[PDB]
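Visitor: Take this structure first; my questions come after.
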Amino acid sequence: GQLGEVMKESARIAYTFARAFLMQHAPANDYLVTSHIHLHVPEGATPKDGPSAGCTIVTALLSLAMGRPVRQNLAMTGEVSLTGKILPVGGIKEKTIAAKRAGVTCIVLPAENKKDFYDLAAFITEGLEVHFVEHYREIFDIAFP
Amino acid sequence: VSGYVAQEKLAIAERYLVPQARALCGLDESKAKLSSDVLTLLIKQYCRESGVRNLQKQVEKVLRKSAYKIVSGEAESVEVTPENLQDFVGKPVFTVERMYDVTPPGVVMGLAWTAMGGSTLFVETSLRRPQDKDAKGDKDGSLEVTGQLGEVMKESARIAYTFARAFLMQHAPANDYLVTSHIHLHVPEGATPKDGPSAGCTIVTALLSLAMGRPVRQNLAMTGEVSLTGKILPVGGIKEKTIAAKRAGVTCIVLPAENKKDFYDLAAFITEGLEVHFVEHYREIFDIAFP
Amino acid sequence: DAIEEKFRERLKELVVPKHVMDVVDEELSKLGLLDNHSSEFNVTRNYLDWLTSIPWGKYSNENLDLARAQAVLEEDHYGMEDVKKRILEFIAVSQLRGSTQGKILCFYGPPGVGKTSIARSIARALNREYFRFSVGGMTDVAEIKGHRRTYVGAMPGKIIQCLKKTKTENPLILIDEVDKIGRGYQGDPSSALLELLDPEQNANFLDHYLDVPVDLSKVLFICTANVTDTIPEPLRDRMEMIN
Amino acid sequence: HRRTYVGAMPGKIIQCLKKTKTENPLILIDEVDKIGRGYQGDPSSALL
Amino acid sequence: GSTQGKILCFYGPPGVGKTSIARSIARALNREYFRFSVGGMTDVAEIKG
Ligand SMILES: Nc1ncnc2c1ncn2[C@@H]1O[C@H](COP(=O)(O)OP(=O)(O)O)[C@@H](O)[C@H]1O
Ligand SMILES: Nc1ncnc2c1ncn2[C@@H]1O[C@H](COP(=O)(O)OP(=O)(O)O)[C@@H](O)[C@H]1O
C-alpha cells in the first residue's frame, strides 16, 4: 500500500510487539512466529503523520491471531513505543469529526492529548464515550473479552 | 554559543523578552503585569526546547490577549496569575517529562547531541521469537537493529553486541540468553551522524538489562563509546548534552574519563544538583548502574 | 498632451509620492521625446495607463471599533470563535498601538471551509478593497514582478493590475494557494515574493516592468495555503499560521 | 548581472553599499549551512 | 640559454608548508606569483572563459 520507509520501521516495531504480547499472554497460540502474513495499509496519510496509524496496526494482526472479530465500530488511533507505552498524536480535531461522520460511538486516544480534545464544541462531544490510555495492555481488554 | 538552563531562561525573559513583546502590543507595564511565577510555570512545563523562540511565542500570545482585554474587554489592567493563566494560554500540554518512570527492563536513557540542542531519547529492545526454540539449539541469536540506522551506526551496533556477548560469559556463564535468541533493538532517530556512535555505550547496558531481566537504576542517564574490549572513548558536544539531561530531571550521569576536562568548563550554577561518575573501562559502569 | 493632461489632473487628485512624481516627470519628458504614432508609444502610453491608474495615496479608512467587526463577521460567518477571537485580538492590538500595522496571516484547512469567504468578509469589515491572486503552481516571474517592459508583449506583474483595479492605495490583497508555488531554477517567484513580504522593503518595492518604486506599506496582505509544512522556511517563519 | 543582460542590477551587496553609505559596514551573511550547493553553478563557490 | 617552463607536484599532509614555499620560490627566481585554486570545480568554461 504505497509504503513510506517510516511505515516499514513502524510495521516491524508493531510486529515484534505482537510477537511479545502473544508469548506473554497466550503461549498455546503460535500463529505469528509460524506463519506469513500479508498486510495492506491504503494510501492517503501524509508522511509526517504516518506513525499515528500504527496503534491500529497491532490490533489488526491480533484479530487474526485469536481469530475473533474486533468489537464493532471501534475506531482508534495512537502511537506505539515498541514496549507498550503510547505517545501523543497530532491534529486530533479533524480525526474526531471524521469519526463523528462515520457514526462511531467509542474511541481511544493517548492520555497526553486530554488537553486539545476539550477545545471542541460541546455538540461535537455529545454521544461519544472516550477511553484515554497510556500502556497498551488496556486496549487489549476493551476489544476482545 | 550554547543553549540555556531552565532557570536561566527566567532571568532572560523577565527583562530582554517581556518588555520587547510589550512594545509589540504597544502596552505599558502599568496595565499588564506578569509575575515571575507565571514565567517559571511556562518555561518549566509548556516549552522544552533549547531555544527561547518557543517561550517567545507563548508570551506573545498572552500579551495580545491582554490587549484584547484592555481595549474592549472588561479589565482596564489585566493581572495574570497562574490560576488565571490557563484561561489565556489554555490547559497544560506537557508535564510528564521522561515518559517511563519505572523503566521496565531493557529500556535505558541515552543522551544525544542532535542537530539542534540535545534530547534525552530512550533506547529499547525486546525478544522477537520464542527463546527455547531448541534446548540443544545452536543458532546465533541474531540482532535486528532498527530506527533509521546509518550504516556506520550498524557497525557500532554489531561491536556493542559482541561485547555484550563476551561480558556475559565473563560474568555469569550459566546464562545464555544473548547467544541463543533473536532480539529486535530500536534507537530513535535524531542524532547527527558524526556523534552516531556516541549512543553505543547505552546499547550494551540495554542488552544486559534484558539479559538478567532486572531494571536499570532509575534516571541514571549515560553516554559513551565502546571499544569492543571494554575501553570507552571520548564523546563530543558535552555542554548541550548536560543541559538536556538537566531539563529531564536526571539526577546522575556517567561520562568517559577523557571528557573530565570539558565538563568542568561549565558555569558552576549549571552543574549544581548533578552527581557525575567519570569512568574509562566499561566494567566500572556496570557497578554504578545495576547493583 | 491629451493623455498627459488627463493623467495629470489625476496626478493632482491622488497624492503621489514626490519621488514617483519626479520620476514620472522625467518619464513624461521622454514621452514628449517619443513619437505620436510609434508602437513603442503605444507600449509606453499603456504603460502610462498602468502607472497612472495605480492609486497613489487613496487611503480607504477603516472602522476601528471592534463592535462593527463583531457584527460584520457575524453577518456572514457563524461560529468559529477561535478565528474570530484571533481577528478580534488582531484589531484590538492594532487599535491600541496607534497606527495601522502590518502582519501576514494564513488560514488553512480542508478546501471550502470559507477561507476566501472570511477574507472578503474581513475586506468589507476593514473596508479594504479585495483582490484574489492564486499562485498555486505558478512558475514564470512575469505574472508576479512583470516583464522588463522592453520585451514584446510585456505587461506589469499581477500586483500592478490589482492596484489598477481596486483604486485604493491600502487594499486587502489575498494571495491564494501559496503552498504549491512553483519554486524553480527559472527565477523562483517564491523567492521573489520576499520583496513583497519584507516588512520594511515592501515600502520601496520596485519591479522590472515599471521601474518606479511603489509604496505598499499600508497594504494589508493576506495569504492562503492549505498546509503549513510544505511552504519554504524563510517565507513560512515570518507570518502567523492560524488554523 | 552583466548589465547587458535584460533587467540586470548589481548584486545585493552593492545595494547595501548604496544604502549603508560606509566603505566598512558589518555584513551579516545568514544561514550558511543551507546554501544551495547545486549543479547550476554553486553560489557557495562564488562566496569564497 | 633561455628561461624554461616545467611542471612539478608536491604532496603530503595538510599544513606541512607546501603553499608557503611556493611564494618563496617566486621571490627566489623573481617570477611573478599567482594562486589559482581549482578544488571541486566543474565548469570548464571557468578555466577557459
Ligand atoms: N461559517 C461560514 N459562513 C459562511 N459561509 C461558509 C462558512 N463556512 C463555509 N462557508 C462556505 O464555504 C464556501 C468556500 O468559499 P471560500 O472560503 O470563499 O473559498 P475556499 O473554497 O478556498 O474555502 C463558501 O461558499 C462559503 O459560503
Ligand atoms: N617549514 C616551514 N617554515 C615556515 N612555515 C611553515 C613551515 N611549514 C609550514 N609552515 C606554515 O604553514 C602554513 C601553511 O602552509 P602552506 O603549505 O603554505 O599551506 P598548507 O600547509 O595549508 O598547504 C604557513 O602559514 C606556513 O608559515
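We number each residue from 1, going along the chain as drawn.
Quick check of the header: electron microscopy, 3.8 Å.
Note that Cβ sites are derived from N, Cα and C of the backbone, with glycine treated the same way.
The ATP binding site annotation in Swiss-Prot covers E:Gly12, E:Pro13, E:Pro14, E:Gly15, E:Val16, E:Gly17, E:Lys18, E:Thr19 and is backed by sequence analysis.
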Visitor: Give me the non-local Cβ neighbours of E:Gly12 (ATP binding site): same chain, 6+ apart in sequence, Cβ-Cβ under 8 Å, ordered along the sequence.
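Guide: Listed in sequence order, they are E:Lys18.
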Visitor: Can you list which of these binding-site residues (E:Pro13, E:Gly15, E:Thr19) have a Cβ closer than 6 Å to ligand 2?
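Guide: Those binding-site residues that pass the cut-off, since their Cβ is under 6 Å from ligand 2, are E:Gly15, E:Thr19.
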Visitor: In three-state terms from DSSP, label E:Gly15 (ATP binding site) for me.
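Guide: Looking at the DSSP assignment, E:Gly15 (ATP binding site) belongs to neither helix nor strand, so coil.
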